[PDB]
Structure formats: C-alpha cells, structure tokens
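Two forms, one chain: they're shown below as structure tokens, one block per form, named structure 1 and structure 2.
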Structure 1
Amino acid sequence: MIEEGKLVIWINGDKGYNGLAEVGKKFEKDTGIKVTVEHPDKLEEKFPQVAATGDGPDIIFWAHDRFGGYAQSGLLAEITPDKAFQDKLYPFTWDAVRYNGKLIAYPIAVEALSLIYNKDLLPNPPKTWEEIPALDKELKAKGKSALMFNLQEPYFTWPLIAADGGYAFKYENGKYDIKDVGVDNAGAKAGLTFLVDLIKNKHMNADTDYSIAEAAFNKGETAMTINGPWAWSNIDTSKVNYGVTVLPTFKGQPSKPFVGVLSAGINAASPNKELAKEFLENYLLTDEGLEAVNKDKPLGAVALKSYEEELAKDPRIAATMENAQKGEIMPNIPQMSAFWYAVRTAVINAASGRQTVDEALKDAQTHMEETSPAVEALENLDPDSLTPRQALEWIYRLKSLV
C-alpha cells in the first residue's frame, strides 16, 4: 500500500514489531493515520528491489550497514531533524546514518553480539574459543553441548573470522579502501578453520540456524549461545538462569563483532514523508515509544540519551557495549552488500564441506574484487516476486547501472 494517508512500516521478524505496532496504535489514535507494521522475509533485499520501482513501505527498519547502498540508489529521503532533536541522540549514532553528507535515516539502537551462557550448566564460562572442544566433550557425556549459534548468517561467525585479522575493507585515514579487502587473508583463514574444525570434530552442526540454536539454549540443551539483545526476552520466558558476557578470544585476541545501529529510513517514493517524520521523531524516539518496543524485544543500547541513561545500568547492556568496543561499527558503504553476500556463501560452503576453507575464502575475495552493480544487481534480484512491469524497469535500470 503505497497509499498516501497511511504509513506502512517494515522491520525484521526478530525485533519488537508488536511493540512498534503499539506505537502505531498511539499514532492512529492521536492522528487518525493508520500504521501497518509488517515483518516480511529477507526485507533488506526486497526493499531495494521494490523501492527501485517506487513501491515498498514508507518506513524501513534495518541495521545501518545497508543504508548507504540505499541512499546511493536514490532510495531514501534526506531526513532533516532540527538541532533540538538531533541533540537527543548520541552523536555517534547520527554518524552511522550519514551518507555522502546527508542524514538518511533515524538511528534507533546500538546492537552487538554477546556470549550468553547458562549459569546453572556453566557458572564460569570459557574466556577462549580454544577451550570449547574440551568443554563440549564434557557436556556431551551428559547429553548436552557447549555451544550452538546461528551458523547460517555471517554476522554471527564474523567476530571469530575477524579475531586474528580478517576484515571487510581496509580503514586508513577516514576512508575505506574498497580495493583492499581482507576475507582471504591469514587471519580470516585461521578463524574459519577453527569453526570448521568444531564441526569436523562434532562439536557443532553446519546446519544449525537461528531458531535451532534459540530453542536449544532456551530449553537447557546447550550451555552457550551467541546473540544480540533482541534475544533476551525469549530467554526470560524460558526461566533459564543466564548471563551475558564478553565473546571468547581466539588466538589470544578478542572476537571483534560487527556493530550495527538499528535505523529507520523513509522511502524516497513515499507520499507520506511528513507523517513518517512525525511518527519517528515524536512517537518512536521517545522514552515511551522506545519502551513499548524494548519491552517487546530488547533494542540494545538505544540512540536516545534520556532512555539510554536507564538501560545503561543493565549489566547485559554493559556487556553488549563491552563487546561493541572490541569490534567495529559497520561501514555503510555500498559495497557492504557484496561483502555479506560473499562471506555468507564462504561460511556455508566451508561448514558443509563442499569447499575447503581456502577455496571458500578465495572465491569470497574474488566475488568482492569482481563487484559491480550489473552482475551484483542480478545477484540480489528475486524475479519470483517481480511483475513484468517491475522486471522491465529493472532491465533498463540495469542497462543504466551499467
């Protein structure tokens, strides 16, 4: 519904979208404007697909890394908070949503992965990845496991892969050298080899995903998981006595998570840009709107200073920020898209044994060094959801990309 007079909002299924709908319901009450909160699959790839043809939602929620590609494709309206409102949010969150000198999204919350452990099974969890094998051997004799976490999304494995020196793009003086990529280097090989060794040695399963790992931790079947603050409420529900701590170190060096700022952008094709701004600034980015959402699924360390002053006292948030400090804020450059695509394939191929670690990371590097809109776009395009008219605009749009 690219309907004027309405707001349509997209956000990932793991965030507090019932919470957000409650904020929509306060906006409809005060204003009469209906808000529909939807959480469709793969929405970070659908958005650029349908916004290109002037469709999609008024408001898109995602971590900030995808937004520079959006802004570059002219898919986002420039947001114009006054100084009084900008002063409400931590300066480094605004930096994460600035692209080519324009603010292209409102920052909502800072996310980092942490080690979450069952204190009943494991009151003193391991400081190192290298201890996990022996600890799994121990828990196996009891029909349990040391560690389960989503191995389907490179976001979850990247902190291990980066530990010993893997990187996406080289950061120098204020700028990413997109010709300097480090997914194929010795440090990235070391961390992926360690992961694959865990599966080879039957300490993890290659096919473990988000939901398999959540159920296992939440039922008492595995001692540890890796996950971000959004996950904590399902763990409360399970009554498991859990702690949130620093990720284990690897080769005597910290795991270095990629730090994401959940952000909200306004589709540049939206006929509702003023309503979107009123909803975001006046309803969502308040102690009340952030609480509604956070009480649903935890946001992390929110962008809003007044509300953050409270949540910062939560030792789980302390631990999140501790982990964020060891990792790095994601780049928002357009190539992040190619980075994730490449690494996802490499991790799955290495984990399942279809490829060696060496073969996998060298194709991931080759894929990144071969990134260019026209083959790349074809790679992110889902034609099963293109109408003939959308496919034609896309054939032009791709002739011109070029």
Structure 2
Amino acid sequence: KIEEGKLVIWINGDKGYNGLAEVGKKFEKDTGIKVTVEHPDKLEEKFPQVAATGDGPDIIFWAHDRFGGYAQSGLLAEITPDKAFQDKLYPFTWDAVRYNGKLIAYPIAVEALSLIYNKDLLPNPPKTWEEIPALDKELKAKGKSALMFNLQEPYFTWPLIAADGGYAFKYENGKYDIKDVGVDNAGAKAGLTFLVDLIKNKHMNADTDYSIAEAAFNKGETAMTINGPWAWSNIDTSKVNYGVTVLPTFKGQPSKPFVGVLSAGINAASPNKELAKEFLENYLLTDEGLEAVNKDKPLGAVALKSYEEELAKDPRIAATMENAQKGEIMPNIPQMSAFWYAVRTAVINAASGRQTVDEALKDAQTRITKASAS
C-alpha cells in the first residue's frame, strides 16, 4: 500500500535528482504535499517487484523502452493530458510512451548518438560515410586516424546499418509488427558491408570497444567518434576543442540512431494519481521546472518544445535533437531482447571474418523471428 497524501519519486543516480527535489519543494510550498526523491540502485528491476504488490514510488523516471514492459504487467496508470498539453511536446516523443495505443508516461528528455569531432584536426566534418575512407588516408600520414567508435555493441553500429532500410520491427501505425523483422533486408546488408570494408581497408579495427574508442578521442589520436551526451564531460576535462554535429549520411540517407526518451510514469497502485498529474504537468514540465533539474545535471535535449528551443542554442544539444529526430524510436516491446543478442553477434561475426555479411544477418533474422513467434 502506497502512502496517501505525499509523492515518492524514483529517478536514476545520473539524473539531476537534487534539481528534481527543488521542483518538489516548490510543489510542497503550493500544495502542502511533501515530495520525496530517491535514486536506488537497479530501480528498473526493483520497481516491477514492489509495484506488483501495490507498493513502490508514486512516479518512476526511466527510459521509455522499459515502460512498455511495466504497462503490460499492469503497473502503470493510463495518463490523460489533454490536446493542449500534448501540443507543448514534440509529437514523436508521444509515440514512444504508448502501450496498446494508450499513453502511459510523460516524456521528459531525448537521448541519441551524435558525431563528435576534433575541431583542431578536422575543422569541417564529413557529411557522408563514403567520405571517411579518403579522409582516413590523409590523416594516416600525420599519424592520426579519422574515426574510432564502439564496434562491439550494436547500439553504436546500428545507425549506419539502419540508414538504407534496416530496422528492428516494422512500426506500422502505432503498432509494432513482431513478425516483420528487417535485419536481413538489402539496406542492412549494405550498411554492414560498408562497416566491414572500413575494417578491411584498415580505417577501423574489428575489436575496437567503448574504452579504446573514447580514450583515443580524448587523447587527440582520432579525429572523430560516435557517442552520446554522457561522454561530453570527459571531453571537457581533456580540453579537446570539440564539436557535436549530425551523423554522416549513408547513400544519401541519414544515420538512424536509436532514440531513448526519459519518461515519467505514474504507478497504477498510487492513491495520488491526481497529485502526480499536477506535479508532472504544471510543475516539472515547464521551462522553470526542467531548468531546475538541468542545472543540477544536464538533461540533454528535452521533449518540451519551449525549453528545448532555449537549450538548442548550444549546438551540441541541437545536434542531439536532430539525430534523435532522424533516428528511430526504441521499441518498447519484449521481443527486443532477442534483437540485441542476435544483432550484436552478427556484427562480431561479420567484422572478425567468421561469417560474411549476408549469412551473418540472415542467421540473425532467423534467430529473432523464431524467438518472436515461438
């Protein structure tokens, strides 16, 4: 039983929880309702177990993709912002927080991979992937390299793979077709073939992981990398004169990085649904509210139209939003589990030389489709 007449909120330890607590302190000044913010470890695994018994926090903040699971389990209240409130946020973010065609959380922030580059080594960053091979060759003469990113995790390599028609599950009209998997198609093959050939021509290395990539950019050894907003503070400490821009295009088509939308759901078992609604709609999701959290720890790009526009004056944040908008939303369905392992494996297989691109993705398609059906 969740205690009536107060608000318990759960948010991760890398978000601006002290900022959020100030928004709660204002809410208390206006309502007399005390707001408590907690950042317990593995809150994404804890919530399902406590909310099942009708306990847990009144509000939970996490990436949207987990919320489709919670919703199916019957742990989230169906929220009701009117048409006027929905106009205040970017419509594509509302697509991320739907279960069975119903809204189940309030979008807060937007997260996606961007092209980070060294201004001193590369003043004008390339707009296309095809441009890299030639650019690596003139940098190799100076002892540097063009591009180093995490080639081990499909999250980092997917933007290029997806660019020409690769996709996880077909998103028809508010419904994910679990039977329609697109890791086998011509676009995916072309994307992965290009990546493999970058390794084949020694522009990149098949066993470059997150740590090796990041260290090489921060030390000024590589001209560019592909990483998210979590990486910026490290580069600030390194004092690398750096920019964040739109990801390079493949075959005239934008990279499609996966989009993670930080979202706030209301616990279905909360006796404080109306209080939570008020807090989230009229207190947090305002310029002043989001600014309080942002000042504590930066939110990156936010879903609120008005505040994003003030944030986007920082080109790094504008680039994030741009790559996010041209990218694909992370499916909030359970069948995504199969996707991750199968695609991760296929890229390793193609990069190391164990399998060719064709068969590696053909097998990965088979493995996702049989796991999604039976």
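Only residues modelled in both forms are compared. Between two forms, the rigid core is defined as the largest C-alpha subset superposing within 1.5 Å. Residue numbering: structure 1 sequence, from 1.
Asker: With both forms fitted on the core, give yes or no for whether the Cα of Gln72 moves by 2 angstroms or more between structure 1 and structure 2.
Answerer: Yes.
Asker: Comparing between structure 1 and structure 2 on the rigid core: C-alpha of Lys326 shifted by 2 Å or more?
Answerer: No, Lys326 moves less than 2 Å.
Asker: Superpose on C-alpha atoms and tell me the smaller rigid part's rotation against the larger one between structure 1 and structure 2, in °.
Answerer: About the hinge, the smaller body moves through 36 degrees.
Asker: Rigid-core fit: what Cα movement does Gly300 have between structure 1 and structure 2, in Å to one decimal?
Answerer: With the rigid core fitted, the alpha carbon of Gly300 is displaced 2.6 Å between structure 1 and structure 2.
Asker: Once the two forms are fitted on their rigid core, how many angstrom does the CA of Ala168 move between structure 1 and structure 2?
Answerer: It moves 0.6 Å at the C-alpha.
Asker: After aligning on the rigid core, report the distance the C-alpha of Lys42 travels between structure 1 and structure 2, in angstrom.
Answerer: For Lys42, the alpha-carbon shift amounts to 11.4 Å.
Asker: Name, in sequence order, the runs of three or more consecutive residues whose C-alphas all shift 2 Å or more between structure 1 and structure 2, counting only residues present in both forms and superposing on the rigid core.
Answerer: Shifted segments: 2 to 110, 261 to 314.
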